[PDB]
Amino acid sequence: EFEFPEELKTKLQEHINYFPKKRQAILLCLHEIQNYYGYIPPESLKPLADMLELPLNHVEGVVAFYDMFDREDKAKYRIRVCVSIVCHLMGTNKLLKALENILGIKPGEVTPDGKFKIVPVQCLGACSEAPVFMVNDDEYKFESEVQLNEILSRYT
């Protein structure tokens, strides 16, 4: 039987009490779940539905719709790499190559230790600082491989 660890359940419950209606907290809860597990575990969705007083199929549909959520791959750190127009113009491919040199992975893949997954994403709204990537919540301009290596070294 799948139970959220208490410290997660507590945070989930905060979100659910935050808005006037419980069901408005669905995306905040899913973010929180993905933060905790490194992905959305399929088994988590049932208990969340119960707490939101929504049907399971409603919750499943919502996870499926929103691209930030990931049910496939557990990763400690998500390297979100912008593949949209400005970053493409200004050197997305140089960034992908640098990531491949440091980590040994391409977009869509996870390092064997489960530490890093590269996620290709649409415009991150930092186009003046292209090419842009995120490491979990942190966001950076890519300058060069030596610089990127130093940044990634901070994530342990």
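Each residue number is its position in the shown sequence, starting from 1.
- Here the stretch with the larger average CA B-factor, out of 98 to 106 and 62 to 70, is 98 to 106.
- Stretches compared: 131 to 139, 5 to 13. Higher mean C-alpha B-factor in the entry: 5 to 13.
- Among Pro120, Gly125, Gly91, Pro55, the highest C-alpha B-factor in the deposited entry belongs to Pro55.
- When the modelled residues of the chain are ordered by their C-alpha B factor, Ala49 lands in the highest third.
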